[PDB]
Amino acid sequence: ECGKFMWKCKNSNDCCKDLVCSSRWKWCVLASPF
């Protein structure tokens with residue numbers, strides 16, 4: 001799928017492209033470097 005920033009996530013399959021789940025940000029954050 002593809003979730004926008006701040007989207008609750010389980011590990012990374014919920015974050016949009018260039019976005020990953022983060023326990024520090026509490027959601028999908030910009031994974032620019034990737």
# chains A, B, ... in the order shown; residues from 1 in each chain; ligands from 1
$ select_by_dssp --residues "chain A" --states "strand (DSSP E)" --output "PyMOL selection string"
chain A and resi 19-22+27-30
$ residues_around --residues "residue 7 (chain A)" --least-positions-apart "5" --cutoff "9 Å" --atoms "only C-alpha atoms" --output "ChimeraX atom specification"
/A:14-15,21,26-29
$ write_last_selection --atoms "N, CA, C and O atoms" --output "short mmCIF file (atom, residue, chain, number, x, y, z; two decimals), in the first residue's frame"
data_model
loop_
_atom_site.label_atom_id
_atom_site.label_comp_id
_atom_site.auth_asym_id
_atom_site.auth_seq_id
_atom_site.Cartn_x
_atom_site.Cartn_y
_atom_site.Cartn_z
N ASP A 14 3.35 -0.16 5.30
CA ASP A 14 2.24 0.82 5.32
C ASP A 14 2.73 2.21 4.88
O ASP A 14 1.96 3.08 4.55
N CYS A 15 4.02 2.41 4.89
CA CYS A 15 4.58 3.74 4.50
C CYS A 15 4.65 3.88 2.97
O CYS A 15 4.93 2.94 2.26
N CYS A 21 8.30 3.06 8.49
CA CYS A 21 7.72 3.20 9.85
C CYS A 21 8.82 3.56 10.86
O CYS A 21 9.93 3.07 10.77
N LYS A 26 6.92 7.88 15.39
CA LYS A 26 5.57 7.33 15.67
C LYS A 26 4.74 7.17 14.39
O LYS A 26 3.53 7.24 14.42
N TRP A 27 5.37 6.94 13.27
CA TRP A 27 4.59 6.77 12.00
C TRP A 27 5.54 6.62 10.81
O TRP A 27 6.74 6.46 10.97
N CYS A 28 5.02 6.70 9.62
CA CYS A 28 5.89 6.58 8.41
C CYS A 28 6.66 7.89 8.22
O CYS A 28 6.08 8.95 8.09
N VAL A 29 7.96 7.83 8.21
CA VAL A 29 8.76 9.07 8.05
C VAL A 29 9.46 9.12 6.69
O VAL A 29 9.56 8.13 5.99
#
$ residues_around --residues "residue 13 (chain A)" --least-positions-apart "5" --cutoff "9 Å" --atoms "only C-alpha atoms" --output "ChimeraX atom specification"
/A:1-3,20-21
$ closest_residue --among "A:5, A:11, A:22, A:17" --to "residue 34 (chain A)" --atoms "only C-alpha atoms"
A:17
